[PDB]
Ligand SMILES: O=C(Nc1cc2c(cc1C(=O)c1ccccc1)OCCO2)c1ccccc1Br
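One chain follows as structure tokens, the form deposited without the ligand.
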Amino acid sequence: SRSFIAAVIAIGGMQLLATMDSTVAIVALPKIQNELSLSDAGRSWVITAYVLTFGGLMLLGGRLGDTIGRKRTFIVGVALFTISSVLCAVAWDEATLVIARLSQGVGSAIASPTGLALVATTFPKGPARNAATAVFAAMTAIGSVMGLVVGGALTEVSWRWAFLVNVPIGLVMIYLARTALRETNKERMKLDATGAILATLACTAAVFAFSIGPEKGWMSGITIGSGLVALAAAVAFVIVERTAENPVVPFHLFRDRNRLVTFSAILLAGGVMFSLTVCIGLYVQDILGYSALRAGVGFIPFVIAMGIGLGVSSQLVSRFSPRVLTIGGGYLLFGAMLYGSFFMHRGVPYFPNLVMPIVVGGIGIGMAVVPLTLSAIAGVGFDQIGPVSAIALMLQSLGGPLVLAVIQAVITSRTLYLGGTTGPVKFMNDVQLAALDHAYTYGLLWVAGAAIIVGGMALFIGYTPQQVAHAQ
């Protein structure tokens, strides 16, 4: 009872912390610019510092779990995250802020992968694993909405006070991490230093190239050089992993078609969800003119609906195949994305027009999330959960930017076609506002079209409700 609650909260705390930090950091960018006197490059670098280390230290963090221990790695990561958040709060110049953000991203990349391995190992297959997966999914949304609310609330005094909010809750997690999580005293495995180094180099180079491409121009020497470095590092990693004991990423796993389909669905679904949340935030905080507080408190129905959906999916996964639940959730998600696409324009009441799509989509996402997570880590084995979980988190965090960039490009092209301007929102006339509203409602259609493929690829799962939701 109490032990299970403590264990699931300790496992899910890292996702809550990371999402809260990201949301609060993105909310209070321009007060930071005013106080620190930063340029556009500094504004980009503040967010880029997190992503560089988050992406460049994913597989390594997944592998160190067997090298040292999962519990020790979890507390180490949470402690580093808290210390680097304190450094972010105390940071006085641009260099200190960048260093602190890089350290916090290092802690996130060393702590997040181990959470999925912990949820796989601590609880065996059965109802306990289902409930743990539901809690793990719910913590992310709860953290996102809470971070949005607190960041909006703390916009009146200073941006420094916002980072310190990450200190107490994290400490609580540490306390829980010291009690519920146990150690099996299993034999300690080794690490493939060459493969891990190659993977880290390739990931860091790719992330740096992707971030610096649009900002400094494409094919600007640095961009192509970083791309070539990433390609060479990936090729060397693939060559090395062919005959290396305890691979960083086992390629022979990806032969099964069930797992390939599941992972591709994970990538696409993560991209769609990230694009949806970014677009809805921009539309609510830009077009309708809602403040940060109202935008934050308007997503509580989303949290409640997603929790209800996750609970229902956890209850019903023990008898129904994962593809059925995935398509069932997608049905309501696609209904909401169309209702919003057709009957949303500036000047509509919140209650009868905006909250119902939120509730329907949240319920659909609640049913959709659990079966994919259960299928990803199904029948994997202890000595191999690490890389699978690391790849799952990597794909979820990687699908986002590409789809978001495509949607923003479509919206910009539509706005240019309607007769608007690409300037700032705060210096816009009525015609440009109408053009932007129509462009956003048009981009929702492309998001739904992407969801079409996301769901159609999920018809080839093949898993049965006896390999993911029963004991042994």
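Numbering starts at 1 and follows the sequence shown.
This protein has a second form, the form solved in complex with the ligand, left out of what is shown; the following refers to that one.
*Asks:* Report whether the minimum heavy atom distance between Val145 and the ligand in the entry with it bound is within 4.5 Å.
*Replies:* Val145: yes, in contact with the ligand in the entry with it bound.
*Asks:* Can you work out whether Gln285 and the ligand are in contact in the entry with it bound, taking contact to mean some heavy atom pair no more than 4.5 Å apart?
*Replies:* Because a heavy atom of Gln285 falls inside 4.5 Å of the ligand in the entry with it bound, the answer is yes.
*Asks:* With the cut-off set at 4.5 Å between non-hydrogen atoms, does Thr277 touch the ligand in the entry with it bound?
*Replies:* Yes, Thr277 lies within 4.5 Å of the ligand in the entry with it bound.
*Asks:* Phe123 versus the ligand, in the entry with it bound: is there a non-hydrogen atom within 4.5 Å?
*Replies:* No, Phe123 is distant from the partner.
*Asks:* Among the candidate stretches 157-165, 288-296, 181-189, 80-88, which one is within 4.5 Å of the ligand in the entry with it bound when only heavy atoms are counted?
*Replies:* Selected range: 288-296.
*Asks:* Let me know the one among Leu36, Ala41, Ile26, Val431 whose heavy atoms come within 4.5 Å of the ligand in the entry with it bound, would you?
*Replies:* Contact with the ligand in the entry with it bound is made by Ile26 alone.
*Asks:* Of the options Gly281, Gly213, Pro127, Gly225, which one has a non-hydrogen atom that comes within 4.5 Å of the ligand in the entry with it bound?
*Replies:* Result of the distance check: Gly281.
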